[PDB]
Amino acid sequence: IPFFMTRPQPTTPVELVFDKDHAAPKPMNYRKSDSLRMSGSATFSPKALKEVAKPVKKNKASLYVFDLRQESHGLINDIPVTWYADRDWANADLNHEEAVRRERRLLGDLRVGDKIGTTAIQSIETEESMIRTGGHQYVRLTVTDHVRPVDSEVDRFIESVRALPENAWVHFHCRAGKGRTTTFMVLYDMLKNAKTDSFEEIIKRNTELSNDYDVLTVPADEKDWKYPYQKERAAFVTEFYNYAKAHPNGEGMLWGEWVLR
């Protein structure tokens, strides 16, 4: 597999968007695997954190929330917000550190007292703050919606997985809870189970669990803008299976090293 270099141009205008459906006390597109001790959802509110934490609840520290979002986001008046541009490609030119810095900068540019339409800002919070206040752990990856992760972010993921305590529970989310979230549930499952389970079985159980049946499907139309991105994602997950089979739980070699053999 090649070293992965292609990417989209970032989109504009970027606008702060209040994600009102994500403000509900239950997380959207939620699903879980008790055997893998993993779950996935859309980005969620302060009140929904207790729901996400249920499978762990008497062991708060063992929940690790993996935020997969490249685009910037946070909480204003407990409402999840996104700095949105088309396809959530606002930050598509930024590497991980740049994307993390950009989100800090945009949240810092908000002020208590600002009026954005009918909203008067009274509370500004990072998502990490909200997660950690609940006694849980937080890991940020930066993945572009519709695009596979870059190799170094896959390594970042693996390094985080290798450092997990026994009996960690991992919860993935992205803005919609489909696409990126499903892919990393697949990658996590392969890290643990590629050594014993088939590629097709792993894809099958995760598409079914996530009601995300076209996560890896390549459009029939080659002029559909998603076509090259889906081809890339498919190649990536197909080779990741081979890596994870050879290096269960990332033992002995990271993905990045594997690619550059």
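So that there is no doubt, residue numbering starts at 1 and follows the sequence shown.
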| query | Out of 15 to 23 and 247 to 255, which stretch has the higher average CA B-factor listed in the record? | reply | 247 to 255
| task | May I ask you to compare 186 to 194 and 151 to 159 by their mean CA B factor in the entry and name the higher one? | result | 186 to 194
| Candidate set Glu166, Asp88, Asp109, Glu103 [ranked by C-alpha B-factor, highest] | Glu166
| Top Cα B factor in the deposited entry, candidates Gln70, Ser41, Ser35, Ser45 | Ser35
| request: Report the third (lowest, middle or highest) to which the CA temperature factor of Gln137 belongs, ranking only the modelled residues of the same chain. | output: middle
| Which third of the chain holds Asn95 when residues are ordered by C-alpha B factor: lowest, middle or highest? | lowest
| query | Going by the entry, which third of its chain does the Cα temperature factor of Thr119 land in? | reply | middle
